[PDB]
Amino acid sequence: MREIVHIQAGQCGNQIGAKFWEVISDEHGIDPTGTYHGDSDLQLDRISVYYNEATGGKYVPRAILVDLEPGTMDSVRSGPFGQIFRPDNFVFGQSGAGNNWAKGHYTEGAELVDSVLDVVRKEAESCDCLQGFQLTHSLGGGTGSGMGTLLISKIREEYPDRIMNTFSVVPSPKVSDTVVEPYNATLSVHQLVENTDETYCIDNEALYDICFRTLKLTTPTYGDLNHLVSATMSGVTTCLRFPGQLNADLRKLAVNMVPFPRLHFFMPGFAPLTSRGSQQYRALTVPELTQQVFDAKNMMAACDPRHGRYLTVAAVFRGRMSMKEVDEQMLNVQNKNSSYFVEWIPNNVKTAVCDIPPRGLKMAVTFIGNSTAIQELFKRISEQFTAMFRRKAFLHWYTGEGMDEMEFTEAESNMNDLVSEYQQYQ
Amino acid sequence: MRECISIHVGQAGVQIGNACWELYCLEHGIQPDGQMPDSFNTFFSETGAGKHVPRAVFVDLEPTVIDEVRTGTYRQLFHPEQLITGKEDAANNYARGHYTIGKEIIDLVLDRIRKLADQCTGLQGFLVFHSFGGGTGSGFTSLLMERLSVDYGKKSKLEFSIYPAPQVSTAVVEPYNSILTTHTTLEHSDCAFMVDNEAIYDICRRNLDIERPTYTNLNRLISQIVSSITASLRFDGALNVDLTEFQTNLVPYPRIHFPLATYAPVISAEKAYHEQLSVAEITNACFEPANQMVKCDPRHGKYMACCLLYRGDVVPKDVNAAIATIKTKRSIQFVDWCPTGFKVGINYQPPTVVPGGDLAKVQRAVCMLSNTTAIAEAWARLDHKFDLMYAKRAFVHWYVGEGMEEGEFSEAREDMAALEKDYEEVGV
Amino acid sequence: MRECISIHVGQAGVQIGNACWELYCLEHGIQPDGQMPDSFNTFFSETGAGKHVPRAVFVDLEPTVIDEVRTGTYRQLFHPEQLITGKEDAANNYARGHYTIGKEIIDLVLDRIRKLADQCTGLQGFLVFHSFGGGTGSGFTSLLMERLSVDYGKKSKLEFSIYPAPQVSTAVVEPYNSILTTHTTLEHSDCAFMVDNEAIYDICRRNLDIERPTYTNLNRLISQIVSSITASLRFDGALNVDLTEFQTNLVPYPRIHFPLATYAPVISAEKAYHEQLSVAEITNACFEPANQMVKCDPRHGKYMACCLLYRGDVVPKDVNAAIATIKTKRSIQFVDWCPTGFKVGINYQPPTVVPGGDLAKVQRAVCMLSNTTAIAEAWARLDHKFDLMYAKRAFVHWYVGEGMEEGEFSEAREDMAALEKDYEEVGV
Ligand SMILES: Nc1nc2c(ncn2[C@@H]2O[C@H](COP(=O)(O)CP(=O)(O)OP(=O)(O)O)[C@@H](O)[C@H]2O)c(=O)[nH]1
Ligand SMILES: Nc1nc2c(ncn2[C@@H]2O[C@H](COP(=O)(O)OP(=O)(O)OP(=O)(O)O)[C@@H](O)[C@H]2O)c(=O)[nH]1
Ligand SMILES: Nc1nc2c(ncn2[C@@H]2O[C@H](COP(=O)(O)OP(=O)(O)OP(=O)(O)O)[C@@H](O)[C@H]2O)c(=O)[nH]1
Ligand SMILES: [Mg+2]
Ligand SMILES: [Mg+2]
Ligand SMILES: [Mg+2]
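Chemist: Account for the nonpolar core, naming residues and giving values.
Modeler: Within the largest apolar cluster, 106 residues are counted, with the highest numbers of intra-cluster contacts made by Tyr183(A), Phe394(A), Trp337(B) and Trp379(B). At seven residues, the largest contribution of residues to this core is made by helix α8 (residues 215–234) of chain B. With residues up to four places along the chain from it excluded, the contact list for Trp379(B) reads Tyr163(B), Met194(B), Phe258(B), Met416(B), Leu419(B), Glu420(B) and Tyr423(B). Judged by nonpolar contacts, the second largest core, of 53 residues, contains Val195(C), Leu221(C), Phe246(C) and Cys367(C).

Here it is as structure tokens:
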């Protein structure tokens, strides 16, 4: 009962999934072949939500892997828990986007999507009652953006009554991978406004910061980042997969943290984050967990949260905790930061508690916030777009796929409007 | 699955190509026999059981340069169907290569190309090595380029051209050759990279500490650079840069598609022990005026876009820092409309070194292909050179004899002139 | 159970035939002695205990070419009853072969044929090798053909004829010979295959890399082709193509029964190592204008039907793909009334190679016999050639002397002319 099939796209998204899946397997106790070796009985009662029980007791991941080139699918098979995945579910093309959303969304992706649109249906049929789809991709390039975007809107025609999650990675100003980020972002966001129910905007610039100072890691890699990001995902859907004193599923969360139709972009956060040095000396108790969580530099979105107010705020705690300890801390925080919470929505807090913790750690906190400080993330992008679009630069790649210069300004306008919605209520 | 077709035109193309081939062989652990004692699938197709033939076509109007390959060590690597040979040479003339002699050979090769091209499934794009100043490398290439837009069109093309020098140039009629062959390059070629021998020579002298270089030392250098373009395809790094992606990134406008390369570090075997190769230092090396592949001035120029490609021991943590530092500096500067101007590639595989090589064995290496207004000034003097030559109808009668009408010259000069202002317009 | 009778007429037929015989011997593991140290039952009959005699009849009006076989290595394979010999030759004349000399020899041979034919039970069909330009190969064949419709009629016939070339032809009076002998071919012969020496020569030069070929190299080539027709009978592949079946498939109308052959791959021993022989490539090779057995133009022509026959390592999975690809291409094109135009054959047995052979040992091989409008244009120039010769009564008196009436010429030219339009009519 209550199943969620997972979708993946892009070079980064796929990688994230690869780690995320592994982590989830570890949490339940699934091995590379698929046979169960775990001891705790409650891992097997909600195994059905993320694993179909196949023949011979070998569980399989309910997933769809998409790409416009075959390069990334090579390393996913050879790595750990690549053998658990079903051969049928891998989808891939021979062309590739080439860091262009125009090629990705119309010409290249629309030929590949019809295979996936048939594959997902089967998955849907398989489970008793599907409650929502998780989606993992990037907005920086053309492959993860153009394809995923194309897909997500066509799901709303067949399944209008289901919740829609999207785990994205938006561009940073300092750590700029590609040149045409402003373009891709500008166009890819447009469709994610009306079609999605919730979106987690992650940024690598913040991740790096988190890594250098807090974890004290001398040589970070993308692997670390993947591990981090996956943790967040694990956190949000913990209440479904395990019992608890106060359970909070996805729909509930959505209802609580999305007050208005067009303002649903969130910012993830994770705690506790401890190095080898801070593992010994940091006293892991609820208050400690709390304070760390609300720090500006501990966020995964590279902004200044304290420029504006949080519209809503929710948290998902794990491991056994006393509720007077838990529920008081939030209140205290609110009291402290009376200038950093919206006044006309009194009592902004939402809490959730799980009995089964992460293996090794005693407690954990996943922070999902909704703020007016997302303006800083978009504003810069808008500016960049303006700078680019003024001289019609890098345009012949997009215009070659049959896109008018008006069609840029149509999405641009929408983006602007969206941005304004935050500054309406700030 | 992925694949790419290499083309080699003229003597220069042939000469360059051999070194590249050797390098490739070294990389994948293949002796000249063609049997290895996967990654290599792009350039090599496995025939039957243990015979690796290259994706290649060598065109030449003489027999001398092609028969050099047939008699040497790499006799076993190629077969006579791949190696095409003319009778009468281009004779350092554009008109001989395109109109008179060019009709007969191209026909033979197109079929061959098709045979090679239809065999592979995942065509990424073409590579065409030549020289602008050369006879065959100008007259045939132009024809060839024209031909290739009919059969393919959208499928990508690249060319690594030997640009002529204002001071050290080894032929008298080179000015003419350049001006004509650039007419076809603007319409057909998607992005052409440019290298000057003079620039290379300086590098060879100063950094490598070999005051007696010949073509074999330059060829090797070039090959590394070439590899650094294709290294993203053949090996799986943490982050990848395909050819299409590169094109999307670096080339902003329809008229401008002439970035220039640079390679670092390039140092002696003894110099590697003392010199601690850091990432930042190597980054800096790419932006130095001394290490540029063309005779140009980065101080006058402004980078619109430039694509970094790291291979060896690299991670993104300090790469970002390096990127930031460059941005912060004001000696390096960009155009107002491009706030974010880099494309960054990474690879795990270290860059190989040739037996008896001038370059030292290193951990890291970089290759920046920068589109800029620095190279805009390079043709201003070329034009001047050309104009003077033309002004008194010098060397014209030969050209006329080969079937070149007088208006052709008018067409090619005016166009060139028009193009020079485009850069200015963009950079205002 | 199945059986077929081979006939060899003239010098050319003899010359061709020897090579074929040798090939056959090689195939079934039989030395010249005729005792093997089943499949072979078709062409060889086992006499008593370990004596394999061929189904053969060599006709010739000279002793020279037949006595070449009697003195050589294959002296043990034949006996004087099989080898018929005249006295006075045809002398490169149709009239000498048919009317004057042809009465005496044919009588002897018909009885012999009967003796051979009644011995075997499962008569598939006849094979008749000759040349149109030859004296004996035209005058006798016509007579012979006429004779064979009386005794058998419905029982099938084939002939592999050496067609004359417009440029490289080794006799002056050839035009006349062709025109006359085609009168009998239209009525009697069920399907005649045509090969031109000039076409072969080019192939020999370009692909095999032997610039000094003689008849022995052509004969070998021909023999392979011949085998590729009969290979379906003697070996049990997954799918089979009998002679009757082939006839049903390829020949649409009563007038048109002149398809042309092609064979691939044909390459040197050194070229086999580099060249990865794929199925698609070999398919392509059959449709190339360079590899055709007759001087023709596939670009002007349209294929009504064409029968592919694969032998070696082949399966239907990629064959289908190959078929589809050709259909998709527009350079190859068909007539409107024929939507599906191929007949596909397969065989497990690999094609053998002769000791000291020019051809390389290969896994796969193909043979396409295509009925087309390309060969319709070939006789337009022949007619022209003939007409000029006739216009001033050149060489006519000799013919007249041998008992040829003047109206015969009129009959044969007009008919030919009429035939040329038939193709046009069909292809409109
Ligand atoms: N957390 C991670 N972020 C990554 C990783 N690799 C890249 N990135 C970030 O994502 C951005 C690039 O995303 P992608 O490579 O997936 C672009 P996309 O695949 O959609 O198009 P193509 O590259 O044309 O296939 C870039 O700004 C990086 O900062 C990774 O392994 N982990
Ligand atoms: N870097 C480098 N440059 C070369 C090499 N060989 C020739 N060049 C340059 O190319 C120009 C001469 O072009 P060629 O390739 O000899 O001329 P071509 O196009 O073959 O025409 P023909 O010589 O008439 O057949 C000169 O300006 C040389 O500096 C080489 O091996 N390396
Ligand atoms: N391909 C091929 N063609 C041949 C061969 N021998 C002869 N020819 C061709 O056949 C024609 C000559 O015909 P012949 O067979 O010599 O003439 P004939 O019918 O035997 O008549 P006579 O020579 O008078 O006995 C020429 O145009 C040759 O090109 C051969 O071994 N191979
Ligand atoms: Mg990708
Ligand atoms: Mg030369
Ligand atoms: Mg004779």
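Now that the structure is up, let's keep going.
Chemist: Report on the interface of chain B and chain A, specifying residues and quantitative values.
Modeler: Facing 35 residues of chain B, the contacting portion of chain A comprises 36 residues. Those elements giving two or more residues to the side of chain B that touches chain A turn out to be α9 (243–250), α12 (316–328), β10 (342–345) and α15 (407–427) of chain B. Its residues assigned to classes, the side of chain B that touches chain A comprises 19 nonpolar, eight polar and eight charged.

Chemist: Tell me about the side chain of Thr178(A), and please be specific about residues and values.
Modeler: Relative to the elements of secondary structure, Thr178(A) occurs in the loop between β6 (163–169) and α5 (181–195). A relative accessible area of 2% places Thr178(A) in the buried class. Once you skip the residues sitting within four places of it in the chain, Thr178(A) turns out to touch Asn99(A), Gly140(A), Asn249(B), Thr340(B), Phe342(B) and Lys343(B).

Chemist: Quick rundown of helix α8 (residues 215–234) of chain C? Include the residues and the values.
Modeler: Residues and elements named next belong to chain C. Here α8 contains 20 residues, and its C-alpha end-to-end distance of 27 Å stays within 8% of the 28 Å for a straight helix at 1.5 Å per residue. By the largest-angle criterion, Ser228 marks the main kink of α8, which is about 40°. The buried count for α8 comes to 17 of 20 residues, which makes it a mostly enclosed element.

Chemist: Can you break down the packing of aromatic side chains residue by residue, with the values?
Modeler: Geometrically, a pair of aromatic rings is defined through the distance of the ring centres and the angle of the planes. Within the structure shown, the criterion is met by 67 aromatic pairs over all chains. Here the aromatic rings of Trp21(A) and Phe85(A) are separated by 6.3 Å at their centres, their planes lie at 90°, and the arrangement is edge-to-face. No difference in accessibility class separates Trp21(A) from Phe85(A), as the two residues are buried. Ring geometry for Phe193(C) against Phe246(C): centres 5.6 Å apart, planes inclined by 70°, an arrangement best described as edge-to-face. One end of the pair, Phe193(C), is in strand β7 (residues 191–196); the other, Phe246(C), is in helix α9 (residues 243–250), and 53 residues separate them in sequence. Comparing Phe193(C) with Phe246(C) shows no difference in burial state: the two are buried.

Chemist: Could you give me a rundown of the UniProt feature "binding site: Mg(2+)" in chain A, with the residues and numbers involved?
Modeler: When the UniProt feature table is mapped onto this chain numbering, "binding site: Mg(2+)" sits at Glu69(A). Here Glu69(A) is in contact with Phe92(A), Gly93(A), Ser95(A), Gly96(A) and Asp242(B), once residues within four sequence places are set aside.

Chemist: Describe the domain arrangement of chain B, listing the residues and the values that go with them.
Modeler: Residues and elements named next belong to chain B. In terms of domain boundaries, chain B breaks down into domain 1 (1–259), domain 2 (260–374) and domain 3 (375–428). Here the C-alpha centroids of domain 2 and domain 3 sit 33 Å apart. The interface is formed by 11 residues belonging to domain 2 together with seven residues belonging to domain 3. At the junction of domain 2 with domain 3, the criterion picks out zero salt bridges. Across the contact surface, domain 2 and domain 3 share three residue pairs in polar contact.

Chemist: Before we move on, can you summarise the site of ligand 1 with the specific residues and values?
Modeler: Near ligand 1 lie 17 residues; those nearest to it are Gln15(A), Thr143(A), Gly144(A), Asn204(A) and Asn226(A). The separation between an oxygen atom of ligand 1 and a polar side-chain atom of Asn204(A) is 3.0 Å. For ligand 1, an oxygen atom lies 3.0 Å from a polar atom in the side chain of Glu245(B). Taken together, the residues of the shell around ligand 1 break down into three nonpolar, 12 polar and two charged.

Chemist: Which residues make up the UniProt feature "binding site: Mg(2+)" in chain B, and what values do they have?
Modeler: Residues and elements named next belong to chain B. Within this numbering scheme, the UniProt entry marks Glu62 as carrying the feature "binding site: Mg(2+)". Following the sequence through the fold, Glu62 ends up in the loop between β4 (58–59) and α2 (64–71). Here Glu62 falls in the partly exposed class, since its relative accessible area comes to 29%.

Definitions and limits used
- Residues numbered from 1 in each chain as written, not as in the entry; some residues may be left out.
- Chains lettered and ligands numbered in written order.
- Part of a larger assembly, values for the part shown.
- Heavy atoms only, no water.
- Residues with missing side-chain atoms left out of burial classes, pairs and counts.
- Core = buried A, V, L, I, M, F, W, Y, C linked by side-chain atoms within 4.5 Å.
- Buried < 20%, exposed > 50% of the residue type's maximum accessible area, 1.4 Å probe, protein only.
- Helix = DSSP H or I, 4+ residues; strand = E, 2+ residues; numbered from the N terminus.
- Contact = heavy atoms within 4.5 Å.
- Nonpolar A, V, L, I, M, F, W, Y, C, P; charged D, E, K, R; others polar.
- Expected span 1.5 Å × (residues − 1).
- Bend = angle between axes of the 7 residues up to and from the residue.
- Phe/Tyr/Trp six-rings, centres within 6.5 Å; stacked < 30°, edge-to-face > 60°.
- UniProt positions renumbered as here; feature names shortened; annotations may be inferred.
- Domains from an automatic or database assignment.
- Salt bridge = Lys/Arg side-chain N within 4 Å of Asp/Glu carboxyl O.
- Polar contact = N/O pair within 3.5 Å; in protein donor to acceptor, adjacent residues only side chain to side chain.
- Near = heavy atom within 4 Å.

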